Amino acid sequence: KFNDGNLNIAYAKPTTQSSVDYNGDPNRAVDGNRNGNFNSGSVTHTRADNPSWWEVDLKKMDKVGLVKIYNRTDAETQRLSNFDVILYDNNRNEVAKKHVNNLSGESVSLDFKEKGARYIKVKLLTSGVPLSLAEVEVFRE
């Protein structure tokens, strides 16, 4: 629930994703654990979808500052590349979007500058690539 004194509003929020493989259910990216080893149980996994995506529902409109996305680390780390992070309002209108080409480290941090949104979606833009996320943390500033 807090990370380095900052309230992670994504923690334990409802999630969904495009599909599930290897029991990589979407709630694994809001389980409070940043571990990126798939075999730990901390990491999501879809099938090879067109495209693969994951989403957290904050349950109401809230304010989105920092979004920190933690990749899988044990293998296939390149799969988290060429992807959008999209904010949606209560009517599922897109209110902001950032594109991430790839990660040089284990995570990427995006700042949505307090944009009002209820849903945050991570969407791969490459067909037929599974999406795996170790964790997605969302802060209000």
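One-based numbering along the sequence shown.
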| query | finding |
| --- | --- |
| Higher-scoring stretch by recorded Cα B factor average, 49-57 or 98-106 | 98-106 |
| Criterion, highest CA B-factor; candidates, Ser18, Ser132, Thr15, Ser127 | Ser127 |
| Out of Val64, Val30, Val43, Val85, highest CA B-factor residue | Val64 |
| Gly116, C-alpha B-factor rank within chain (lowest, middle or highest third) | highest |
| Third of the chain's Cα B-factor distribution that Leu80 belongs to, per the entry | middle |
| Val138 - which third its CA temperature factor falls in, relative to the rest of the chain | middle |
